[PDB]
């Protein structure tokens, strides 16, 4: 059956650091191969002709079917899989690597679908020209996507390629298409993650894009849902700019590592945030990214209580959540106990008995 996000709910993880590279998720990989760069773009340019071979090895090893087995053993029902635009098109001028990403995407997705019945969110994290000035949007310092007709044309070709992948998957009812991630045009980094990170001028271009995508997907298969990561606005900001019959679910992201909160007081914040992001009911809401690290006083002991309290909150007020991220080994210190790898690594929660998603 095709998924209807006004009734469907699921709990799962992101597969971060696998087909999109980021410095924080694997400290050992980034130290060895980045050459000092802070984005995937610069890591790849630094490696030159060796970029492909290195990344192809990572695609084959960082996430495998054994990792999927471990996720299923606790009842994970949804995988959010970030990809770069370079997995889908070969953009002239780009320093991101265009290789066999979709071959690994299919092997892993087919397995999670066939063996365990999981749903797959295919996330196009970056778009040609850059959507947010950050590595995840294309490259550090790139905001060239906005108002750029050439970049717009290439972006729709990206979506055409995702549509075909879903249509020829053998199970198109298993996929949700997410055509962008965290678009922002505000250069002040202290306002990232907040509504002011996207101007109204930039929002008109985002709306142009998301309506073009809604129409293009529906023209091929009106049953494939579209997931709109509407930057850091509330769903109510977008809901009256879109026809009610769009097959549309909103993806909101909720983090706490730069907010004045402690591990002790985190559950109150998790419940408040899920309540305020529940939306107006014209379209449903999914919490596609979250994590339990707080800015202050991080506590090993409270990890089990806090991750389970987040799962509770996002399932009660919304359609569920995907943790960031499945596997994480970055060793940056945090305030209080430990490093980020003690709080962003979903595998540790599974391995130490914190997770039983069948209780929902």
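Numbering follows the first chain given and starts at 1.
For the pair 193-201 and 264-272, the record assigns the higher mean C-alpha temperature factor to 193-201. Averaged over Cα atoms, the B-factor as recorded in the entry is higher for 107-115 than for the other of 107-115 and 173-181. Residue set 229, 94, 131, 83: peak C-alpha B-factor at 94 (per PDB entry). The PDB entry assigns the greatest CA B-factor among 101, 254, 186, 155 to 186. Sort the chain's modelled residues by C-alpha temperature factor and residue 147 lands in the middle third, per the entry. Residue 259 sits in the highest third of its chain by CA B factor, as recorded in the PDB entry. The PDB entry assigns residue 294 a C-alpha temperature factor belonging to the lowest third of its chain's modelled residues. Per the PDB record, residue ranking by Cα B-factor puts residue 304 in the lowest third of the chain. When all modelled residues of the chain are sorted by CA temperature factor, residue 216 is found within the highest third.
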